[PDB]
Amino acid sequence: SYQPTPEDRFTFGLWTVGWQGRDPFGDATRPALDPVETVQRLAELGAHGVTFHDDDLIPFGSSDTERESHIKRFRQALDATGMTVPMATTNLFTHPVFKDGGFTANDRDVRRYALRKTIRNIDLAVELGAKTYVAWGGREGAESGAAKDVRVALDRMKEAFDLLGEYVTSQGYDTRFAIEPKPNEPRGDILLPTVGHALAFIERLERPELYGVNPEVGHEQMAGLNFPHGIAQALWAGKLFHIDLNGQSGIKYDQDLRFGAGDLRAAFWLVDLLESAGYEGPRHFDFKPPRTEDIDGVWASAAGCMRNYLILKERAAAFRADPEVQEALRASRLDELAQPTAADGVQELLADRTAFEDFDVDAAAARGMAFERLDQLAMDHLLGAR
């Protein structure tokens, strides 16, 4: 089975299946896809909805009449298919004017233009029903040390987000923001490089409750971090507003492989976490079909994204349901991890001799954790060898 239906909340950006295959060393290997045809083809595949950057839907520099016309025909395909727009974003990285950033460009006039460009697209995203507005500052950063004073750049980043927070509050919009972290590329180093850095930054904004994170699998893996661990921290903070799924095979350039490819065990632990934590947002795929592929390989790749999530969902649920796994978890004391360390308080802990002076350190040091047996049960379930 593993057939996606709308109920599975699978979404795709216009820019993913529509990537023409232009990379740093080569030209486009595929023609551009029309936005109406992408909506059509994804609804046929079992997708729930689509997302967009403003310049994906409306070619940069369009007159107001060309814009209207682009939004009308898109909105029509959405009505015709039952497709939703859960999220939208701004392109603040392609046009040469953003070569030193959008919100943190050294030129003040470019920072003002970046904000107006964003605000215009927040109005459109709300009209189309988007609840989450993503911000990926891919050009915010530097290749050299004196080019960007980072404390002042963070003053300008906080100013920009506070300004957008005031704007949606004044308009009464029901939209929240999600910051997408990336450690590098296209800049040598990008500001707010990981989930952690974006979550700490949010706590310094004027209205923190309006902002969360949109982590991407491949981005945290570009810094060699454990993506399931970063998502668990964002969930613990109540800040996982959206998530971008794809694959990455290690620390190198950002590959955007289809979900499931790259680190397959990390994809298994991520699905197990999303499903057991009850995440209810879109399962969004931000990937690129390899430029070796024609348009049928594009839809084959898009279908494999959804198929791999559904296969892993089944294996993670079977794992957690297994009495032998529930037994191995008690053996590794994951139940004791859930008990408070000292709900009796610091003064009872300090007067407790079994916690220190009479604690038998070597009896405790000799208890094996039985983590390898547990992990081989997880490997067996992933591989269907049970």
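Note that residue numbering begins at 1 and tracks the sequence as displayed.
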126-134 versus 144-152 - which carries the larger mean C-alpha B factor in the record: 126-134
Between 219-227 and 283-291 (mean CA B-factor, as deposited), the higher: 283-291
Which of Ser170, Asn91, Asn106, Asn308 ranks first by CA B-factor in the deposited coordinates: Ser170
Highest-ranked of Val195, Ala178, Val110, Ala77 once sorted by CA temperature factor in the record: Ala77
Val17 - which third its CA temperature factor falls in, relative to the rest of the chain: middle
Where the record places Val36 (Cα B-factor, split into thirds across the chain): highest
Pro183 - which third its CA temperature factor falls in, relative to the rest of the chain: lowest
Relative C-alpha B-factor of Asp254, binned into the chain's lowest, middle or highest third: middle
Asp263 - Cα temperature factor, lowest/middle/highest third of chain: lowest
